[PDB]
Ligand SMILES: Nc1ncnc2c1ncn2[C@@H]1O[C@H](COP(=O)(O)OP(=O)(O)OP(=O)(O)O)[C@@H](O)[C@H]1O
Ligand SMILES: Nc1ncnc2c1ncn2[C@@H]1O[C@H](COP(=O)(O)OP(=O)(O)OP(=O)(O)O)[C@@H](O)[C@H]1O
Ligand SMILES: Nc1ncnc2c1ncn2[C@@H]1O[C@H](COP(=O)(O)OP(=O)(O)OP(=O)(O)O)[C@@H](O)[C@H]1O
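Residue numbers (the entry's author numbering), protein chains in the order written: chain A, 193 to 686, 712 to 762, 768 to 800; chain B, 272 to 407; chain C, 543 to 678; chain D, 272 to 407.
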C-alpha cells in the first residue's frame with residue numbers, strides 16, 4: 193500500500209492558466225467517479241508536463257496528489273530496473289496491475305527519457321522491450337476503464353525531442369511549464385519570503401519588474417543570496433572578538449584569509465549567539481548583481497566600459513539608435529499606448545574601422561542589456577547535421593532569455609554565396625537563418641544587429657523588412673566631427714591640455730583626407746616621436762652631468783608625425799555606389 | 272511480432288507466413304508498416320535489416336506455392352510512403368490513395384461518436400460536418 | 543515589386559472559383575534528408591490530384607529556379623527535374639492550376655517559363671491612391 | 272549476414288563457408304554484392320574492410336579442400352562492376368553479361384509468359400514487342 197504525502201499547495205504560484213487547465217482535466221474523472229460511470233463517456237488518460245529543469249514539475253505533481261487526496265504511486269527513472277533480464281518487465285506489470293486494482297490513483301513517471309528514449313538510439317534488446325511493456329500496460333487500462341477504474345498517468349520530462357514518437361502519440365494532454373511573467377515572479381518572491389522578516393524599504397514589486405529572464409529556481413536562489421549577504425556583519429564581529437581572546441601577535445598572519453581561518457580553528461567548542469537581523473533593499477540589489485543563472489552556460493559575453501563619450505561625433509546616429517533600442521527596453525508603456533510593435537534589427541555598413549563594432553557594444557552597455565557577438569564563420573562544424581542545429585539552438589537560447597542584443601560581425605561571409613552557385617552546406621545554413629528571422633516579430637526583447645565592411649554582395653532577401661530593415665551608414669567626411677574625435681582620444685590621458718593646438722591640427726589638408734583609425738594612428742605616432750626626444754635629451758644630461771622624466775607633448779612632435787603619416791582608405795566610390 | 276531474444280522475431284514472421292499459406296482464403300493485414308520496414312540506411316541495427324529480409328523471403332515463397340490452390344492477399348496500411356524502403360515498394364504492386372475525408376464521411380463519423388450521448392434538438396450534425404474543412 | 547499584394551490577388555482568384563487553395567512559401571519546403579525531397583514533391587501533386595479543383599500557390603520562387611543555368615549541386619538538380627516532370631504531366635487531366643509568385647525575375651530557367659508549365663508571365667504593380675488610404 | 276555486435280558478422284561468414292564445404296553438391300548465391308564488398312578506399316569503417324578479408328580467406332579454404340570430394344560453386348549477382356573492389360574481381364574467374372532486353376528479347380519473354388494462356392488469332396506478340404520501348 194502507498195498512501196499520499198503532505199506537501200504545501202500554497203508554495204507554487206505564477207501558473208494560473210496552466211493550473212486551471214490541469215484542474216479541468218483531472219478533477220472530473222477523479223472526484224466525481226460515480227457520475228462518469230453512469231454517463232458512459234470516456235476521459236483523459238495521460239498528462240505530460242514539460243519545460244526546463246527545476247521548474248517545479250515534480251513538486252506540482254506531488255502537490256496535486258496531496259490536494260485531491262488520491263493514492264500516489266511514484267515511478268522514478270531507475271526505480272523499476274532490476275538485476276536479471278526479466279525482473280524489470282515483471283515489476284512494470286505489477287505496478288500497472290496493483291494500480292488498476294486500487295482506485296483512485298495518480299501514477300507519476302518522473303524523468304521518462306531515461307526509460308523510453310528513441311528505439312533507434314537504443315541498440316540494446318532490453319530497452320526496446322521495456323517500451324513495449326509500457327504500451328501493453330496503456331492498452332490494458334483503456335479496456336478495463338468502463339467498470340469503475342480511475343487512474344491518471346502523469347509524466348515529467350525536460351526535453352520532448354528525446355522521447356520516442358510512439359509514446360508521444362499515446363499521451364494526449366500536454367502542459368508547458370515554461371518562463372513566468374512580472375505578476376508571476378512577484379507571487380513567487382512572496383512565497384519564498386513568507387518565512388523571513390522583511391524590512392519596510394523592500395518592495396517585491398520593484399524586484400519582480402527588474403528581473404527579466406529568471407525562473408522559479410533562480411528567484412529561490414536570489415532570496416538565499418540575500419540571507420548570506422546580511423550575515424556579513426556577524427562575521428566581522430566574530431573576527432574582532434577572536435583577535436582579542438587569542439591575540440597570537442603577528443605570528444598567525446602571512447595574509448588576510450588565512451589568519452581568519454586559523455582563529456576559528458583555535459576556538460572550536462565556543463558557541464556564540466546570533467542576533468536576528470532584517471534585510472534591506474540595498475542588500476537585495478547587491479545579491480542580484482552577483483547572480484548569473486539559467487542561461488549561464490550560453491556563452492554570455494560581458495558588456496565593456498564603452499559609453500557614448502568614447503565615440504566622437506555621430507550624434508545623429510546616436511539619437512536614432514536610442515529611439516530603436518533604448519526606447520522599447522526602458523519605456524514599454526510608451527510603445528503600447530501609441531500602438532507600434534518593438535524593433536527586430538539593424539544593419540551597420542560602410543568603410544573599415546569606423547566604429548561599427550564599438551557602436552554595437554555601446555548600445556548594449558547603455559541599455560544595461562546582454563550582449564552576444566558571433567563573428568563570421570563561428571557556426572560551421574565538420575559534421576553533416578550540426579551547423580543548422582547550432583543556429584536553431586542560438587535562437588532558442590535568445591527566446592528563453594531577454595533583453596539581449598545579438599550581434600553578427602562580418603555578414604559579408606555568409607550572405608554573398610546565394611547570387612552565384614558555389615556550395616550545398618552554405619545553402620542550408622542561410623536558408624535556416626532566413627527561416628529563423630521570419631519566425632520572430634511578436635514578443636521581442638531580442639534585437640539583432642548586423643555589421644559589414646562590404647555592403648556590395650548581399651542577398652536582397654535578407655535586406656527585406658521584418659528581417660534586417662534599418663540600414664545605418666557609418667562614414668566620416670567632416671571637420672567638426674574630427675575635432676570631437678581628437679578631443680575624445682586625448683581625453684583619456686590621466712600639466713598641459715592645449716585646446717587651440719587640436720583645432721589647428723584638424724584644419725590641415727592631410728587631416729581632411731583621413732578616417733577614425735588614421736587619427737588614432739597619428740596620436741600614437743606623435744607619442745612615439747615625443748618619447749625619442751625625452752630619451753635622447755635625458756640620457757645625454759644624466760651621463761655628462768639622476769633627473770626627472772617629462773611626459774609632456776608639444777606641437778613640434780605633432781607636426782613631424784603629421785608630415786610622415788599617409789591615409790589608408792583611398793576610393794570611397796566602391797562603398798557608396800554598391 | 273517482436274520478441275525478447277534475437278531470433279524469436281524472425282521465427283514468428285516465418286510461422287505467420289507458414290500458417291497463412293496452409294489455410295486459405297485469407298487476408299493478411301500489415302497495419303503501420305514504417306515501424307517494421309523503414310529505410311535500411313536509416314536503420315543502423317542488425318535486427319531491423321534482418322526483419323526486412325525475412326519479409327522478402329516470405330513474399331517469394333507465396334509466389335511459388337500459388338498455382339496449387341493457395342489464395343492469400345496481403346493488405347498493408349501506411350501514413351507516409353517516403354519512409355518506406357524502396358525495395359518493399361517494388362514488391363507491392365497495387366496502390367490505393369485514401370485522401371481527404373468528405374462532408375458525408377465526417378457526418379457519419381460524428382454520428383458514430385455521438386451515439387452514446389444525449390443530444391439536444393437544436394444540434395444539426397450536418398451543419399457541423401459542412402463547416403469542418405480539414406479535420407480527421 | 544516587393545510587397546505589392548501578390549498573395550491577395552492569388553486568394554481572390556481562388557475564392558471566386560470557390561475552389562481549394564494551398565500556399566507553400568519559399569524555404570518552407572526544404573528538409574535535412576536527400577531522397578525524401580523528391581518523394582515529398584510527388585506527394586504534393588498526388589494530394590492536389592485527389593482534391594481537384596485546387597490552386598497550388600508557390601510564393602517566392604527565387605530559391606528553387608536559378609540553380610539550373612549554373613552547376614551548383616546534385617540535390618537541387620534532382621528536385622527541379624522532378625518539378626518539370628510533374629508540371630508536364632498535368633495539362634489534359636487538369637483541375638490543378640499552379641500559380642507562382644516572385645519579387646525577383648532575372649535568373650530563372652527558360653524551361654520553366656515554356657507554355658504548358660508556368661508559361662503565362664503576368665506583370666503586377668501597385669500605384670493606386672484609394673488603396674494607399676485604406677492601408678494608412 | 273550482418274549482426275549487432277562487432278564479431279557476429281564475421282562468425283556467420285565462417286559458419287556459412289564451413290557448412291557449405293561440409294555438405295556437397297551446393298550452390299552459394301551472393302545476391303547484391305556491392306553492399307558487402309565495395310572499394311576499400313571508399314569505406315572508412317574498420318568493419319567493412321574486415322568483412323572483405325573474411326570472404327578472401329573463405330575463398331582460399333575452398334581451393335585447398337577441393338581435391339578430396341568437395342563440390343561447391345559460388346554464384347554472384349551485381350548491378351554495377353565499377354563499384355566492386357578490384358581485389359574480389361580478380362578472385363572471380365567466370366563472368367556472364369545479362370544485357371538489355373531488345374525487340375527480339377521482349378518478343379521471347381512475351382512468348383514465355385503467354386505459354387499457359389489461350390491467345391486469340393488477332394494477337395501478334397511481335398507488334399506488342401515493337402511498341403514496347405523501355406520495359407523490363
Ligand atoms: N515554480 C516554482 N515555485 C516555487 N518553488 C519552486 C518552483 N520550481 C522549483 N521550485 C523549488 O525548486 C525545487 C525543485 O522543483 P522540482 O524538482 O519539482 O523541479 P523539476 O522541474 O521537477 O526539476 P527536475 O524535473 O529536473 O527534477 C522545489 O522543491 C521547490 O522548492
Ligand atoms: N569613432 C571612433 N571612436 C573611437 N575609436 C574608433 C572610432 N572609429 C574607429 N575606432 C577604432 O577602430 C577600431 C575598430 O573599430 P570598429 O571595429 O568598431 O570599426 P568597424 O567599422 O567595425 O571596422 P572593422 O571592425 O572592420 O575595423 C577600434 O578599436 C577603435 O579604437
Ligand atoms: N500578415 C498579413 N497577411 C495577409 N494580409 C495582411 C497581413 N497584414 C495585413 N494584411 C492586410 O493587407 C493590407 C496590408 O497590405 P500589405 O502591405 O501587408 O501587403 P500584403 O500583400 O497584404 O502582405 P504581404 O506583403 O506580407 O503578403 C491591410 O489592409 C491588411 O488588412
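We put the beta carbon where it would ideally sit given N, CA and C, even for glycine.
Where do the ends of the alpha helix (DSSP H) carrying residue i lie?
i              : result
residue 300(B) : Element bounds for residue 300(B): not the alpha helix (DSSP H) but the beta strand (DSSP E), 297 to 302.
residue 551(A) : 548 to 558
residue 307(A) : Taken as a continuous stretch (DSSP letters only), residue 307(A) belongs to no alpha helix (DSSP H), as it is neither H nor E.
residue 367(A) : Segment 365 to 368 is the beta strand (DSSP E) holding residue 367(A); no alpha helix (DSSP H) there.
Taking just the CA atoms, how far does residue j sit from residue i?
i              : j              : result
residue 280(D) : residue 272(D) : 6 Å
residue 337(D) : residue 318(D) : 29 Å
residue 696(A) : residue 257(A) : Missing from the coordinates is residue 696(A); the shown part of chain A jumps over it, going from 686 to 712.
residue 285(A) : residue 311(B) : 33 Å
residue 376(B) : residue 592(A) : 44 Å
residue 547(A) : residue 398(A) : 36 Å
I want to check one thing, is the minimum distance from the CB of residue i to the heavy atoms of ligand 2 below 7 Å?
i              : result
residue 549(A) : yes
residue 544(A) : yes
residue 677(A) : yes
residue 645(A) : yes
residue 242(A) : no
residue 503(A) : yes
residue 737(A) : yes
residue 744(A) : no
residue 418(A) : no
Which of the three DSSP states is assigned to residue i in this structure?
i              : result
residue 565(C) : strand
residue 575(C) : coil
residue 406(A) : coil
residue 793(A) : coil
residue 658(C) : coil
residue 592(A) : helix
residue 638(A) : strand
residue 453(A) : helix
residue 630(A) : helix
residue 359(A) : helix
residue 743(A) : helix
residue 373(A) : coil
residue 800(A) : coil
residue 235(A) : coil
Need the endpoints of the beta strand (DSSP E) that residue i sits in, please.
i              : result
residue 596(A) : 596 to 601
residue 264(A) : 263 to 268
residue 345(D) : 343 to 348
residue 541(A) : 537 to 541
Does the beta-carbon of residue i, which I'm using as the reference point, lie nearer than 7 Å to any heavy atom of ligand 3?
i              : result
residue 788(A) : no
Beta carbon of residue i: closer than 7 Å to some heavy atom of ligand 1?
i              : result
residue 741(A) : no
residue 508(A) : no
residue 258(A) : no
residue 412(A) : yes
residue 470(A) : no
residue 200(A) : no
residue 408(A) : yes
residue 385(A) : no
residue 249(A) : yes
residue 348(A) : yes
residue 246(A) : yes
Exercise. Is the segment 221 to 234 of chain A in contact with the segment 332 to 352 of chain A, if contact means three or more CB pairs nearer than 8 Å?
Worked result: With the cut-off at 8 Å, the segment 221 to 234 of chain A and the segment 332 to 352 of chain A touch.
Exercise. Any contact of the segment 631 to 639 of chain A with the segment 602 to 614 of chain A, i.e. 3+ C-beta pairs under 8 Å?
Worked result: With a cut-off of 8 Å, the segment 602 to 614 of chain A and the segment 631 to 639 of chain A do not count as touching, because too few Cβ pairs lie within range.
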